[PDB]
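Trainee: generate coordinates for the sequence data below:
(one chain, ligands or ions: 1)
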Amino acid sequence: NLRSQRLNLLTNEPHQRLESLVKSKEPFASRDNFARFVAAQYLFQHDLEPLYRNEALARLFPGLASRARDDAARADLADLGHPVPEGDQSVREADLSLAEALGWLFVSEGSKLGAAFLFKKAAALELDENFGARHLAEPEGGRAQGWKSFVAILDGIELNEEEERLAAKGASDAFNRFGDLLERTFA
Ligand code: HEM
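Mentor: Numbers count the residues shown, from 1 in each chain. You can find the structure just below:
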């Protein structure tokens, strides 16, 4: 019924595939490997920037701007001595509909879930919230409620059937994009 639940079903496979891809790149084998993972996160933030700063979406999601993680990820790349990668502008210039944008935000916000596990694994590489893993630090209100607050708004929006299709497309496209970014930074 809820939009969030439908999106969860629709992206269950892409998620399993993505989780497997991440495990295969061995992000915690070394700081260099971890840095390549941070580079992928950083590039995904560049794709999402125009959405987190969009006035229309900011009105729908109060506090939107502060959900971005670009400064932290860029600071982490600097800590790790990894040069910042160049964004290809493909998503920023894609001219996404509002509905597609909701699917991209769904995936970006959802990608924060379980980050405490990644944060814990980063400790093995002697990294933490003040060095190298700044982008995985837990948010103020806590990961849980941050997600619950976002989903309540998402599920309340009224969309027509075409817009629902576009939101699903946006979520699918975002999962595929993160995978492309990982293949790029680990190449
Ligand atoms: C770019 C997309 C995403 C990436 C890169 C991603 C990656 C991951 C990874 C690698 C893990 C395993 C963490 C660990 O090592 O323990 C994971 C766990 C998880 N992901 Fe995602 N994810 C993404 C999007 C999403 C979305 C959209 C949702 C939800 C709508 C989601 C929900 C979860 C949850 C619930 C867990 C398990 C958390 C727990 O066990 O407490 N993820 N994800």
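
Trainee: what's near enough to touch the closest residue to the ligand within the chain?
Mentor: Proximity of the chain to the ligand (C-beta to the nearest ligand atom) peaks at residue 110, 2.4 Å away. C-beta here means a position set from N, CA and C on the backbone, and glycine is covered the same way. Each residue near residue 110 by C-beta atoms under 8 Å, 6 or more residues apart in numbering is listed here: residue 147.

Trainee: residues of the protein that sit close to the ligand?
Mentor: By C-beta under 6 Å from any ligand atom, the part of the chain that sits against the ligand consists of 8, 11, 15, 18-19, 22, 106-107, 110-111, 113-114, 117-118, 175, 178.

Trainee: wait, which of those residues is closest to residue 38?
Mentor: Nearest to residue 38, judged by C-beta to C-beta, of the residues of the chain next to the ligand is residue 118 at 10.4 Å.

Trainee: my guess is that closest one contacts residue 136. True?
Mentor: Yes - here residue 118 reaches residue 136: they are 5.3 Å apart, a contact under C-beta atoms under 8 Å.

Trainee: out of the two, which sits in the busier spot?
Mentor: Using other C-beta atoms under 10 Å, the more surrounded residue of residue 118 and residue 136 is residue 136, with 24 against 18.

Trainee: which residues touch the helix or strand containing residue 77?
Mentor: Here residue 77 sits within helix 70-79, counting by DSSP states H and E. The contact list for helix 70-79, computed with C-beta under 8 Å, 6+ apart, reads 35, 38-39, 41-42, 45-46, 49, 83-84, 127, 131-135, 137.

Trainee: show the buried residues in those.
Mentor: The neighbour-count criterion (16 or more other C-beta atoms under 10 Å) marks 35, 38-39, 41-42, 45-46, 49, 127, 132-135 among these as buried.

Trainee: and the residues you listed, which two are the farthest apart?
Mentor: Every pair of the buried ones among the contacts of helix 70-79 checked by C-beta to C-beta; the farthest is 49 and 127, at 24.5 Å.
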